[PDB]
Amino acid sequence: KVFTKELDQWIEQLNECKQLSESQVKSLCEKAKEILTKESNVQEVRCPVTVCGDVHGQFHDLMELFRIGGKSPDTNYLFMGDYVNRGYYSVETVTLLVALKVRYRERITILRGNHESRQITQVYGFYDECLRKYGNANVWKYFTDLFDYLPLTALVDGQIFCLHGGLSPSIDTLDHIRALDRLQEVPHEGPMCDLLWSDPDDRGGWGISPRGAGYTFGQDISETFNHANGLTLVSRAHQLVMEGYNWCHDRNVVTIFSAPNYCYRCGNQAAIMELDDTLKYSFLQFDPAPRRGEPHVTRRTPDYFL
Amino acid sequence: XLXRXXX
Amino acid sequence: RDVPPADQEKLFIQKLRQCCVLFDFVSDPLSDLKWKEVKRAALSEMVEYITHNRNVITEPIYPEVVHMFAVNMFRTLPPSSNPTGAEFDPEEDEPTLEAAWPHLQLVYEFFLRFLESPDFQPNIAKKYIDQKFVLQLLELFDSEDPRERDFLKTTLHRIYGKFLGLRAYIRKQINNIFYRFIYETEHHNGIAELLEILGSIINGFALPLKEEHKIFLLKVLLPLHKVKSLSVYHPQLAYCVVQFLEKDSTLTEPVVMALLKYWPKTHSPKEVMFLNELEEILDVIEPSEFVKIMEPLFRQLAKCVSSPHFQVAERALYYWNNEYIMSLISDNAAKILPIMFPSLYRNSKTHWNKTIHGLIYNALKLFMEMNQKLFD
Amino acid sequence: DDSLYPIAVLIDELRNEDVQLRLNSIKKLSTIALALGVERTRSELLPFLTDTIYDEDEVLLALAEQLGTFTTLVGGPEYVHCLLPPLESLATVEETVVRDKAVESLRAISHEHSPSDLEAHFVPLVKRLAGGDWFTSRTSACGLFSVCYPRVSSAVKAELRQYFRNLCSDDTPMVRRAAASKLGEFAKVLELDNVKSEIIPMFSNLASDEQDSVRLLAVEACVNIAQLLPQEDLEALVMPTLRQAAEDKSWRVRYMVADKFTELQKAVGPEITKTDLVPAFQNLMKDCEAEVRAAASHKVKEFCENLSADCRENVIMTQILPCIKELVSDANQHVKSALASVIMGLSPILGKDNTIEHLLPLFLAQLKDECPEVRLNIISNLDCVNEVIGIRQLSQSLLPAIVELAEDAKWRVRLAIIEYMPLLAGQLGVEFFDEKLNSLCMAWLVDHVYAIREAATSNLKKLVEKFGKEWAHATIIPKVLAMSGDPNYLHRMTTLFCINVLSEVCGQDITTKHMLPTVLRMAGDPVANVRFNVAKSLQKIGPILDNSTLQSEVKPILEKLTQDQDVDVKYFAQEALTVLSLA
Ligand SMILES: [Mn+2]
Ligand SMILES: [Mn+2]
């Protein structure tokens, strides 16, 4: 591998916020398109890991996340999904995290989120960001394809269930998810959708999601989904809580949210869940990183072709 | 609050 | 203001109260100083006093009213509480409300009712309703309190219609604001409310539409489409733009071309808007003029149809869903040659969103099932 | 008859269908004059691309970039006045990005004209732009005044001054804003008499423009006018105006004054500063708008740092300081935080005596502030109070409070104290440190946040650098070797982590017998992250070791690490073998 010396050169670069090129991405996404299709719907993940949630393009905060819980080879990772949308630097976030896959192929693990879709990606940030950062819908095209290959869920130590969204009435056995075909854009209905579009709540039973789609599910749903499946804990993101992490359903499910307060202009601390050697959980609550050249680019901004 | 697809 | 001390020696007190109700209570974001309830109650009675009694607005209160309003209203506006840049979306959020509204609500309300009185003689008032009065009133539309502008909208809209003299100055004045706006301050949070006014103003234009206003549409209104935050005020703009084309159809070529030059790349919600008002224009288009832009339009139009962004592609192709627009197309054959290739390479497979996939099919069907049975 | 290929063939782009096809033609206009005749360019090309391109503005932004570089590609100095027509048209375009460039292009090319060519071409160019039909023209000309002035005739100097006078008074606030901006720029093109004669009224007229968006732009330029050598000549010409701007009902002016308050000071002179700016500064710090006080506080040190002779200590003591002790306890979270950024530098100025009495009950107060960023700005500048105030008095008041912060909730705060430990525990802790602060300095290695472990690790190479070496072996290394047992791999990686940064300051003997026996004991750890960071760790601490005690001690460990589970252990133990040259 004389290509692997260029790869940590790519990574070295884009760790300073500067992005990768048109072709650099196309082949980065291709080399990650293939190192991914090997993984399964549920992806059995080795024990010591840090589990992260939604980062939504908040690059300089994703950096704050690494300053909080180690750098990317030296500390194992696992993301929920939702890298690309509400923030400013989506292109630089999803391109950093993917690079850190195809290089350190076991030192990180990236799951698919509701936002790793064509339709959401262009009804929120990403697509228009690619459009002003490249001039063509090509880097967007590549990233949306690599999105399809991202695994729908993960299984740490056969015990802690890591998925982006939540539970579905079209799943039962963990094996049901394994039987799905995820090599496609996320649909509006169906197990896949629910898997990465739904939330728990204080309601009991399945309920209707206030989100477009998915389902709400009470502490009864996950409890029984736990006690017959594997069952230490369900871990998810996708739904912000101001503590950064939130513990619900008689501690049957934690929600980990990993993007703090800016265009998540709400006011939340973000958090990560560290699963150690024996597999106990600690939670690190970080605030957003201090910024610079602050809110003023001195108002000399470029147009939008106009 | 920013819109419920979702603060 | 008491409407109790006979008829005369009553005008003597009203003027006393709107000097009384003019030593304004400079702090409402720091604690309390009540027994400034007097002020409130009193300018409340003054608001009652002028909307119930005949012949009360006599010559010597105009000055005293305008003084009262100006002393009360013409602040330096504060540093907008929400930090801003290019990063944050203009769906401007933390909507910091004016602290001292419980007095202002009335000051506005009164002065508006004053302006509205059946015996508000404007030939008397003009003397005291300065350009400089208008000017101040104007840099107030920059308030971030949505209530505040709502008042100014109607307030100025009255001052406009009431004073023919002011009208020239008013227009030129709210032009400069826009010029400040579009050519590099990109900030002002009242373009909406101002457009609403101008909406009515345009609608009240005349016999052979006067030159100044044609400029106003080309030099000012269309360029508004090119600012970052078109969303916040698009519908109102869209109105003003179509308004001209109702009155004078000969303006269609320049206003359609303008749009196509201001056509957005690298920002899609606007591209949708640009289509959304583009169709709004076609519904009012005169067949005569359709030709002049028929080509340059459907050239750009065809790029949208293909353009990967489904929201754009849908809205673009949904032209073929409305009878009049469709009439003009299939009243031509020059129309369906620029739109031949872009609905062929992006036709068979592609466009992941299968909605614009049957739409592009129904588009080609309604185009091939026209007079010219043409193939390639 | 020619064999090579350079001149002009390459492009299918001069006649265009798309946008980038045309754009790439003007981007590659850089080689169409050198490609074909530095003689015909003037003859045909320029009277062609005058204003013939008038479709899209993005083309015109590029063309302006070109007409700037065309300095020599048309003959040079003698033949530039043919560039003016395309750029004059380019200066009058609607969109500001185009015209803002066009001016900068025209600005650059004025210098390489001729005193007698400025008079006959460049200047009447300005005359029409400033004589513009509308504002886009006029806003542009405002720039082109300063360059062509000093070189032309004193009669045309008298013309230009009149034109610039006409723009400061322009019917529209847009131009005035522009004219107002380049006022300093222009007044700096000296004629002291005309600075007094004609600029001063311009200043005082704009300073009190009905638009607060113009007034503030006049203060910004005042600093120039008031820097152009009046004196008992400032109090009458350029003071009431400035003294007025301090009180301006617009905060946006009140702001501008403070954001420049030390500049004015440095321009206005110490004589006036004592009697006039002091009470203005005094007032600015007590402004209603917190954004002014903020910008006004961010300026206390620097204002104080250049005042006067004997008054310097007195003024700061008798009238500046009472404002600070009010500001440190201020409602706003950006004043305190700003004042913090500077207040520590106010110490050497007041000296040793007054600091202990008056500045101490302010660094302490500010240290334990509610806001995290306030203390972060105090802790950054502690060096300045440590250099000139006795270390014995440093430990009696601040130390107890510094130590409490060494365990603050915010890691950014913490890292600040750790950035500071060498100095604090070096200029003080002979034997004192390794008994009063040791178990505090070490506990950062067991922190839950990484960056602290990185700050705590980097801390040791310095904590053995300026400190001992046998004591490193006696305290630092004993507790660092201990750490290897921690069940969390994160934490037991800090064993290897400290090892490779505690090798460059501890040398062979300490490493070979004490550190290394743990490293090639750690290569058999269950978690691969410890295993590849042993191979990683062995590479770093390789050159430290003796050739023999790494050829048979640090070779069979690294070769067995190329032989199992991972792809990273099978790589760091590979590229460890390379650098160490062991294959
Ligand atoms: Mn999600
Ligand atoms: Mn989400």
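Numbers given to residues start from 1 along each chain, in the order its sequence is written, and need not follow the entry; residues that have no coordinates are not shown. Labels follow written order: the first chain is A, the first ligand is 1, and so on. With hydrogens and water stripped out, all remaining heavy atoms of the structure feed into the side-chain values. Residues with missing side-chain atoms are left out of burial classes, side-chain pairs and their counts.

Determination of this PDB entry was carried out by X-ray crystallography to a resolution of 3.50 Å, according to the record.

Draft legend 1. Summary view of the interface of chain A and chain D. By definition, residues are in contact when any of their heavy atoms lie within 4.5 Å. Contact with chain A, which involves 29 residues of that partner, is made by 29 residues of chain D. Two parts lose some accessible area (1.4 Å probe) when they are put together, and adding that loss for both gives the buried area. A combined buried area of about 2,400 Å² lies between chain A and chain D, and 48% of that area is made up of carbon and sulfur atoms. The three residues of chain A that bury the most area against chain D are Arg67(A), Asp74(A) and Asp277(A), which together make up 25% of that side's buried surface. We count a salt bridge whenever a side-chain nitrogen from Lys or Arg sits within 4 Å of a carboxyl oxygen from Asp or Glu. Counting across the chain A and chain D interface gives 7 salt bridges. A salt bridge links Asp568(D) to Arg107(A), with the shortest nitrogen-to-oxygen separation between them at 3.0 Å. Polar contacts, as used here, are pairs of N or O atoms within 3.5 Å; protein pairs need one atom able to donate a hydrogen and one able to accept it. Residues neighboring in sequence count only if both atoms are side-chain atoms. Remark: the boundary between chain A and chain D carries 14 residue pairs in polar contact. Those elements that place two or more of their residues in the side of chain A that touches chain D are α1 (4-14), α3 (59-69) and β13 (281-286) of chain A. Per the convention used, a helix needs a DSSP run of H or I reaching at least four residues, while a strand needs a run of E reaching at least two, with both numbered from the N terminus. For the side of chain A that touches chain D, the element with the most residues is α3(A), which contributes 5 residues.

Draft legend 2. The arrangement of the pairing of β13(A) in detail. Residue and element names in this part refer to chain A. A strand pair is defined by DSSP finding two or more bridges across the two strands. Relative to β13, strand β12 (residues 270-275) runs antiparallel, the two sharing 6 bridges. If you follow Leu275 over to β13, its bridge partner there is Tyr281. The hairpin turn running from β12 into β13, its antiparallel successor, is 5 residues long, and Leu279 in that turn takes a positive phi close to 90 degrees.

Draft legend 3. Region of the structure containing the sheet that holds strand β8 (residues 215-217) of chain A. Residues and elements named next belong to chain A. Strand order across the open sheet formed by 3 strands is β6-β8-β7, with mixed pairing between neighbours. With partners counted over all chains shown, the strands left at the sheet margins are β6 (199-200) and β7 (206-208), one partner each. Taken together, the 2 bridges between β6 and β8 define a ladder with parallel strand orientation. Bridge pairing links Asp199 to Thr216 in β8.

Draft legend 4. Spatial organisation of the pattern of salt bridges. A complete count under the given rule lists 61 salt bridges over all chains for this structure. Ionic pairing is found between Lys536(D) and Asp74(A), a salt bridge with its closest N-O pair at 3.3 Å. A residue pair is termed interchain when its members come from two chains, as with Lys536(D) in helix α35 (residues 528-540) and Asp74(A) in the loop between α3 and β3 (77-79). What makes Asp74(A) buried here is its relative accessible area of 9%. Note that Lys226(C) is salt-bridged to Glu95(D), the shortest N-O span being 3.3 Å. Here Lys226(C) is found in the loop between α10 (211-224) and α11 (234-247), whereas its partner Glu95(D) is found in the loop between α4 (84-91) and α5 (96-111) on a different chain. No difference in accessibility class separates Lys226(C) from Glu95(D), as the two residues are buried. What emerges from the salt-bridge pattern is a single network uniting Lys33(A), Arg112(A), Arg118(A), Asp145(A), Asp148(A) and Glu185(A). Summary of the burial criterion: residues with accessible area below 20% of their type's maximum are buried, those above 50% are exposed, and those between are partly exposed, where the area comes from a 1.4 Å probe applied to protein chains only.

Draft legend 5. Representation of the coordination of the manganese ion (ligand 2). Residues and elements named next belong to chain A. The coordination sphere of the manganese ion (ligand 2) contains the protein donors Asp54 (OD) and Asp82 (OD), at a distance range of 2.3 Å. A donor here means an N, O or S atom no more than 2.8 Å from the metal, or no more than 3.2 Å when the metal is Na, K or Ca. Since water is not included, a site may seem to lack partners. Taken as an interatomic distance, the gap from the manganese ion (ligand 2) to the manganese ion (ligand 1) is 2.6 Å; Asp82 donates to each of them. Within this pair, whereas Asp54 is found in the loop between β2 (49-52) and α3, its partner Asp82 is found in the loop between β3 and α4 (90-102), the two being separated by 28 residues in sequence. Pair check on accessibility: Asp54 and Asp82 agree, each one buried.

Draft legend 6. Structural view of the interface of chain D and chain C. Across the boundary between the two partners, chain D contributes 22 residues, which contact 15 residues of chain C. Between chain D and chain C lies a buried interface of about 1,700 Å² when both sides are counted; carbon and sulfur atoms form 51% of it. Where chain D packs against chain C, one counts 3 salt bridges. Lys172(C) is the partner of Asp171(D) in a salt bridge, and the nearest nitrogen-oxygen pair spans 3.8 Å. Across the contact surface, chain D and chain C share 5 residue pairs in polar contact. Taken together, the elements giving at least two residues each to the side of chain D that touches chain C come down to α5, α10 (173-181) and α15 (251-258) of chain D. Examining the composition of the side of chain D that touches chain C, we find that 3 residues originate from one element, α10(D), more than from any other. Three residue categories are used. Nonpolar comprises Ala, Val, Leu, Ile, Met, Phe, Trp, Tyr, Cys and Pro, charged comprises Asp, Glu, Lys and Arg, and polar comprises the others, including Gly. Considered class by class, the residues forming the side of chain D that touches chain C number 6 nonpolar, 5 polar and 11 charged.

Draft legend 7. Up close: the nonpolar core. Grouped together as the largest cluster of nonpolar side chains are 364 residues, with contacts concentrated most on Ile129(C) and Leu224(C). It is helix α4 (residues 101-116) of chain C that provides the largest number of residues to this core, a total of 10 residues. Once residues lying within four places of it in the same chain are set aside, the contact partners of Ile129(C) are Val66(C), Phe111(C), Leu115(C), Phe120(C), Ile159(C), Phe163(C) and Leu166(C). By size, the runner-up hydrophobic cluster in this structure holds 22 residues, among which are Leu152(A), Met192(A), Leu196(A) and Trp197(A). Definition used in this section: a nonpolar core is a set of buried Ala, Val, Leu, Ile, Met, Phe, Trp, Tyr and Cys residues joined via side-chain atoms within 4.5 Å.

Draft legend 8. Region of the structure containing the environment of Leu106(C). Residue and element names in this part refer to chain C. Positionally, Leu106 belongs in helix α4. In this structure, the C-alpha to C-alpha distance between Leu106 and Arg40, residues 66 residues apart in sequence, is 7.9 Å. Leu106 has contacts with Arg40 and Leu43, leaving out every residue within four places of it along the chain.

Draft legend 9. Region of interest: the UniProt feature "binding site: Fe(3+)" in chain A. Residue and element names in this part refer to chain A. UniProt positions are given in the numbering used here, feature names are shortened, and annotations may be inferred rather than shown by experiment. Mapped onto the present numbering, the UniProt feature "binding site: Fe(3+)" falls on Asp82, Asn114, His164 and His238. Spanning 157 residues, the named residues form one tight spatial group whose C-alpha atoms are at most 8.2 Å apart. Of note, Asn114 is situated in the loop between α4 and α5 (118-121). Overall, the relative accessible area of 0% leaves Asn114 in the buried class. When neighbours within four sequence positions are excluded, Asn114 is seen to be in contact with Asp82, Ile120, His164, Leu196, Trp197 and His238. Of note is the side chain of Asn114, whose polar atom sits 2.7 Å from the side chain of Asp82. Within the secondary structure, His164 sits in the loop between β5 (160-163) and α8 (174-178). Contact partners of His164, with chain neighbours within four places excluded, come to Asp54, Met80, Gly81, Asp82, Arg112, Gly113, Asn114, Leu195, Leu196, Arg236, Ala237 and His238.

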